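One chain is shown next in structure tokens, namely the form deposited without the DNA.
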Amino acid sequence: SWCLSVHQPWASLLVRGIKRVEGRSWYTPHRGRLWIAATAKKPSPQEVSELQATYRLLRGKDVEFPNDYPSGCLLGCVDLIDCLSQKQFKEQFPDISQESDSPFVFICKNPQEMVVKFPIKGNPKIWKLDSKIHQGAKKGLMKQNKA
């Protein structure tokens, strides 16, 4: 029922599993399912090319970027497994600590993308989804439920 607004292209990278941590300046006790919404801010082609270049070298040839990075919509979800200080992240996750230098690092698992993405307006930090879109969001985690 809780959501985080994230700029594109990072937002789709998170729900596809290409980006595995998310850095923020603030700590959250939230754990478990976290919906991911893309903000309205449209990314520039340079941003998209520079990030896709980096992640292609981090993740290899098998990486599958989305064809398009839709803005202003609910995208899917992840499991927020832990939120660590940057110090503990560097110490405890040495294989991936280069992937964020933010003061806090959200460790994300089990990404799932929605079969149909629904328009939505963001809010700060971790915010509560409206019940109607939450219901449609849940049904949308299975490709067969597309209508």
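Rigid core (definition): largest C-alpha set, two forms, superposition within 1.5 Å. Numbering starts at 1 and follows the sequence shown.
Just so you know, the form deposited with the DNA bound exists too; it's not on screen, but the next bit is about it.
- Taking non-hydrogen atoms only, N123 approaches the DNA to within 4.5 angstroms in the bound PDB entry.
- The DNA is not drawn, but in the bound PDB entry it has no heavy atom within 4.5 Å of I81.
- The DNA in the bound PDB entry comes within 4.5 Å of no heavy atom belonging to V63.
- Proximity of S131 to the DNA in the bound PDB entry: non-hydrogen atoms within 4.5 Å are absent; the residue sits far from the partner.
- With the partner omitted here, the residue from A40, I96, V48, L58 that has a non-hydrogen atom within 4.5 angstroms of the DNA in the bound PDB entry is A40.
- Between 107-115, 50-58, 25-33, 84-92, the stretch whose residues reach within 4.5 angstroms of the DNA in the bound PDB entry through a non-hydrogen atom is 25-33.
- Contact residues in stretch 74-95 (any heavy atom within 4.5 Å of the DNA, taken in the bound PDB entry) are absent; none meets the cut-off.
- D62: CA moves 2 Å or more between this form and the one not shown after rigid-core fitting.
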